[PDB]
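This is what each chain is made of:
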Amino acid sequence: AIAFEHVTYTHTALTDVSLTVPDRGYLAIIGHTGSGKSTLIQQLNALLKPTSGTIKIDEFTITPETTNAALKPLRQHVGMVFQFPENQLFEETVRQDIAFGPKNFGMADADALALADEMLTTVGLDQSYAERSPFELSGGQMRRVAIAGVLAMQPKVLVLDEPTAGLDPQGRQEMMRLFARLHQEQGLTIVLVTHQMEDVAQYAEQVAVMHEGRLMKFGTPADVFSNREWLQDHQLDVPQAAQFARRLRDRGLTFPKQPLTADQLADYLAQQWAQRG
Amino acid sequence: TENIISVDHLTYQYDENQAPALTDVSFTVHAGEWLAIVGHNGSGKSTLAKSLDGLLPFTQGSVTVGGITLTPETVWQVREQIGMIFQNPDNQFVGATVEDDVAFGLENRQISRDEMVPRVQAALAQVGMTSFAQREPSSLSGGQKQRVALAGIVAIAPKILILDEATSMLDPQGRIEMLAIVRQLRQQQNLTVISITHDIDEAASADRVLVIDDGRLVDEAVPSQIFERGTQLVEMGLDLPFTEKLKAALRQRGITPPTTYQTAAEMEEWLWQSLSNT
Amino acid sequence: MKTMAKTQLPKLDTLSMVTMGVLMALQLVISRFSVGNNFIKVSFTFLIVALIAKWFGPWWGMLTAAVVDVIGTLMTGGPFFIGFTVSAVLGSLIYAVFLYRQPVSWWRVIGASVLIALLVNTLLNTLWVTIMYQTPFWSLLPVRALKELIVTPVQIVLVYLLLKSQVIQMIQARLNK
Amino acid sequence: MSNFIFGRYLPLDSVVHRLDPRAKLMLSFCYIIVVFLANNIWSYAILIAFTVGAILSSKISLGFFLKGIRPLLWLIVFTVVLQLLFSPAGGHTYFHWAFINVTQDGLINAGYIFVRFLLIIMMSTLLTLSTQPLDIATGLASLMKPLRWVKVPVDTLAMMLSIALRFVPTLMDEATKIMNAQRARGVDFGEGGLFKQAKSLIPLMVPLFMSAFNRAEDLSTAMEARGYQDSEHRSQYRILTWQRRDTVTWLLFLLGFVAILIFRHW
């Protein structure tokens, strides 16, 4: 539900660009290593405004001369989870903290407390946790509670930044699986900014590379990750499976296409070896 | 070699009515080694790390480092030979400039200014941090703070480097750089280094895995023998390396590869010779 | 004067000293979250002083208050006169005497707040400004008294709420221990 | 590289920017009393000469110096108008009605008040815009050490001040992070009525307090690991070098001091 036509803002000039993102998709933004540039995401949202033309996101269309008055409906349509979302738990009980969002935008208080139960259940917790105070909760449980709280606005486009930072492999796996299940069931379009390439390789539909604030590529991961030399310029890299596939190819074997995830390489090798017998 | 660190019958509770965190920890450490304490979250290993330096007051058992047995009177003597880097890289600075931080350790131990500058300069130049000496602390990269702390602990000249979790907050490149720097330091000055870990790479370089679960020694082996427990290694506290990824993937698709652990080169040669023959 | 503090005492636990430093920093940063105007100004620095006093006690509260006042005054701008430091130490001492190591209660807080406002915020400050700016005394005094008497009610309730919040109790759990 | 030191400071090379902080601090302390002593016209003339010589020897833009004046204006007016409205009489009254009196006394005394206010503000703002913020703490620590005899712990206070003057930026940054992360949930910071203004700030106080305490505890543990046993048993690294510029400045100030002493009205 995102469209662009050479109209974005152009500090060193950021060239105007054109792009489009289908609905119920997955946009992964492997950005500049030194800085993830949450400001660049803020180029249209929150304080910083865009210029040099019009932007269109679902019903709301951002004209070049749109002021902060029109930004209020945007807040109730795009949800973003800041890095370390455990720093914004201030409220006596989990139920009340979860409902702070909808109550703020203005809902029936009892209705918000009602949505609290369902949204807590969604993130896979127990209702007994409802009464406990956040500060006495476990580590990842605080993050999951915050995620539920932001999720409680029933938005349609979700912005996630470095979700799996400061966890163990099991925690990262579970968090990404939760996001994938939400994507496939409830129908939200999730935009991701992260460093680990395996998550981008598996759970993604369209990628983007940004270097010092300049979109210099777009499309599917298959096309983007086939120019190794290009990415090394911007301190980026490729999936381990890409390294293994290149090593095997240089040894004297051929494949129709680059295997991105280990599963693709495994299937290619399996079929090829089975042919030889 | 004489066991530098001796630990036996360690049971402790940082809260009186909480479940047993550590229970009868029994292990030994030689000199010039690289250990690895890996376990799933909630089992409790950070407690072991903190106890090893005589931080939390324990009751049962006795720990001995460099001959001296630990008592609540010799802790200051013990801490001289023990150094560690903590989890968050933003909550370990004490000064207003990197030079002040790297000096702190030397200042703490009564010493003279006239001799200070050469030592701090050598320490800063021994980790490739010289060019950032004068700038403020809240401007470095996330891993650069860890590198500065490493420089300081190198300056104090200890023998044991308890590498508590220091690779979760950083990004891949910083992790690789820190691993290389600690490799160089160990190779040069013969430092025994323990490591609390979840990432594969640091464990791979080590020489002894000491899996701990529910405050108990459940296993101990060589890295090679422990990187073979299929999926349960995920529950163990690590992430299976790419070799194990392909290993497991091939089995489900109706092909049986070898059994023992292999690196990139071994799998490369195995597949190449197996296929190219036909 | 129910209790006498420690003119000398055994060295503090590192936790206490680092907490003191962090609270000093918090007080120093609060000045830029103020609400008001050039004529009418409403700051929120008096909150942290009471917290310091209640948690730690008279002597350290006084010393920290003096140091923070001096450094902040020299750091932001304006004049530097001993009278302001005297006023700050007096206020901190009153807070500690009326609140330190006693159960939190309404009457204690209201009685302390009214006394501090009336004594320090009007009389001593007015006298200092009279001496150091030769502004007339007996014409200025009522004007500041009006402001203090209209603003103190807010201060009492804010201090009570701060002292009765959960997070304070949770911190004290690991602090006193 | 674009360093942003806490508060306000100009990185302009000069002679005043090169003095030891100790001398500037002591001079600032003594300036108030020196101003207090002067009473007559020649006294204020010599004081004006001294201050104008000092400020002009710094190359600072005259615009900045007026900025510090702004957050005191109402008192300036109030004082001058009151002292020109209900004032002692004596002289040629311009217009009289009720208490209103306008004589020559008004002119002379009002001129005195204005000049004195200006001098005080000038020498107050120069100290701030003449010294690196960090070095002020070290200078104060050095100039407070003699208090050790009366047994008031000063080294511990120096350590505390050093801790705080590093913490300040980190807390100020965490404040912005909390501000943004909670504006994400729609809490309008700054809008509405005064009650609404002060009602929505609790979710800017609570998390800040919790984060600050967590940082404090972890820092305390880390420092204890290094071996920070106690105070006063510890060398010093950042030292000060008393040069002769301080001696010449002090001698000039003392010459001015004796001049004002001998020329004032006894």
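Residues numbered from 1 in each chain as written, not as in the entry; some residues may be left out. Chains lettered and ligands numbered in written order. Heavy atoms only, no water.

Its PDB record attributes the structure to cryo-EM, giving the resolution as 3.93 Å.

Labelled according to the PDB entry, chain C appears under the name Folate family ECF transporter S component, originating from Levilactobacillus brevis ATCC 367.

The PDB entry annotates chain A as Energy-coupling factor transporter ATP-binding protein EcfA2 originating from Levilactobacillus brevis ATCC 367. Under the UniProt heading Subcellular location, the note attached to chain A is "Cell membrane". The UniProt entry for chain A carries the following comment under Sequence similarities: "Belongs to the ABC transporter superfamily. Energy-coupling factor EcfA family." (UniProt positions renumbered as here; feature names shortened; annotations may be inferred.)

Q: Can you walk me through the pairing of strand β7 (residues 192-195) of chain B in this structure?
A: Residues in a regular strand project their side chains so that they alternate between the two faces of the sheet. All names here are of chain B. Of the two faces of β7, the one holding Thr192 and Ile194 and the one holding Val193 and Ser195 are both buried throughout. Where strand β6 (residues 160-163) and β7 come together, four bridges link them in parallel fashion. The residue of β7 that forms the bridge with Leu163 is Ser195. Where the polypeptide runs from β6 across helix α6 (residues 172-189) and back to β7, its parallel neighbour, the crossover connection is right-handed. (Buried < 20%, exposed > 50% of the residue type's maximum accessible area, 1.4 Å probe, protein only. Helix = DSSP H or I, 4+ residues; strand = E, 2+ residues; numbered from the N terminus. Pairing = 2+ DSSP bridges. Right-handed = clockwise from strand over helix to strand, strands pointing away.)

Q: Whenever I open this one, helix α2 (residues 41-56) of chain D confuses me. Can you help?
A: The α-helix advances 3.6 residues per turn, and as a result positions three or four apart in sequence lie on the same side. Residue and element names in this part refer to chain D. Relative to the 22 Å expected for 16 residues at 1.5 Å per residue, α2 spans 22 Å between its end C-alpha atoms, a close match to the ideal helical length. Along α2, the positions that sit buried rather than exposed are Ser43, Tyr44, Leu47, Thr51 and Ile55. Buried residues of α2 fall within an arc of 90° about the axis and therefore sit on the same side. Seen from the open side of α2, the exposed residues pointing more than 90 degrees away from its buried face are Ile41, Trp42 and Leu56. On its buried face, α2 sits against α1 (21-37), α3 (62-67), α5 (104-128) and α10 (244-263). (Expected span 1.5 Å × (residues − 1). Arc of directions from axis to C-beta. Contact = heavy atoms within 4.5 Å.)

Q: Even after reading the chapter, I still don't get the packing of helix α6 (residues 133-144) of chain D against helix α7 (residues 155-183) of chain D, so can you show me in this structure?
A: Helix-helix packing is described using two parameters, namely the angle between the two axes and the distance between the axes. All names here are of chain D. Direction vectors running N to C along α6 and α7 enclose 175°, while the axes themselves pass 10 Å from each other. With respect to α7, the element α6 is oriented roughly antiparallel. Here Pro133, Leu134, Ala137 and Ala141 of α6 come into contact with α7, specifically with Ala158, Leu161 and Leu165. Class assignment of the residues belonging to the contact of α6 with α7 gives a composition of seven nonpolar, no polar and no charged. (Axes fitted to C-alpha atoms, helices over the stretch in contact; angles between N-to-C directions. Parallel < 35°, antiparallel > 145°, perpendicular 65-115°, else oblique. Nonpolar A, V, L, I, M, F, W, Y, C, P; charged D, E, K, R; others polar.)

Q: Explain the pattern of salt bridges to me, please; I cannot follow it from the model alone.
A: In a structure, side chains of opposite charge can pair up when their charged atoms sit close to one another. Tallied over the full model, the rule gives 26 salt bridges over all chains. A salt bridge links D:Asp188 to A:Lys72; the shortest N-O distance between them is 3.3 Å. Taken as a pair, D:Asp188 in the loop between α7 and α8 (194-199) and A:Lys72 in helix α2 (residues 71-75) lie in two separate chains rather than in one. On the basis of relative accessible area, D:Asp188 is assigned to the partly exposed category, the value being 36%. Among the ionic pairs, A:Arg251 bridges to B:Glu268, the shortest N-O distance being 2.5 Å. With one member in each of two chains, A:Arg251 in the loop between α11 (240-250) and α12 (262-276) and B:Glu268 in helix α11 (residues 264-276) form a pair that bridges those chains. Taking relative accessible area as the criterion, B:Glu268 reaches 11% and is therefore assigned buried. (Salt bridge = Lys/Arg side-chain N within 4 Å of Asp/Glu carboxyl O.)

Q: Would you mind going over the environment of B:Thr167 with me for this structure?
A: Take B:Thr167: it is sitting in the loop between β6 and α6. When the C-alpha positions of B:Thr167 and B:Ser139 are compared, they lie 20 Å apart, and in sequence the two are 28 residues distant.

Q: Hey, could you run me through the sheet that holds strand β5 (residues 60-62) of chain A in this one?
A: Pairing between the strands of a sheet is mediated by backbone hydrogen bonds and can be parallel or antiparallel. Residues and elements named next belong to chain A. Spatially, the four strands line up as an open sheet ordered β2-β1-β4-β5, and their pairing is antiparallel. With partners counted over all chains shown, the strands left at the sheet margins are β2 (20-21) and β5, one partner each. The sheet contact formed by strand β1 (residues 2-3) and strand β4 (residues 55-57) spans two bridges and is antiparallel. Paired with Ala3 across the strands is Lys56, a residue of β4.

Q: It is not clear to me how the sheet that holds β6(B) should be interpreted in this structure. Could you clarify?
A: Residue and element names in this part refer to chain B. Here we have three strands laid out as an open sheet, ordered β5-β6-β7, and parallel in their pairing. Either end of the sheet is taken by a strand with one partner, and the two such strands are β5 (82-84) and β7. Here the average twist between neighbouring strands, direction ignored, is 20°.

Q: Help me understand empty space enclosed by the protein in this model?
A: Rolled over the atoms, a probe as big as a water molecule pinpoints where empty space is left. Empty space within the largest cavity amounts to approximately 240 Å³. In terms of lining residues, the largest cavity is bounded by 21 residues, among which B:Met84, B:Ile153, D:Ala222, D:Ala225 and D:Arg226 are the most central. Elements with a contribution of two residues or more to the lining of the largest cavity: α2 (75-80), β5, α3 (98-108) and α5 (142-156) of chain B together with α9 (202-226) of chain D. Of all the elements, α9(D) adds the most residues to the lining of the largest cavity, at five residues. By residue class, the composition of the lining of the largest cavity is 14 nonpolar, four polar and three charged. Each of domain 1 (1-81 + 158-228) and domain 2 (95-157) of chain B gives at least three residues to the lining of the largest cavity. There is about 190 Å³ of room inside the second largest cavity. Lining the second largest cavity are 16 residues, with C:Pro79, C:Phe80, D:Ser28, D:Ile120 and D:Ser124 positioned closest to its centre. Only α3 (58-76) of chain C together with α1 and α5 of chain D provide two or more residues apiece to the lining of the second largest cavity. (1 Å grid on protein atoms, 1.4 Å probe; cavity = no way out; pocket = protein on both sides within 12 Å on 5 of 7 lines; lining within 4 Å. Points joined across faces, edges and corners; volume = space filled by probe spheres on them. Domains from an automatic or database assignment.)

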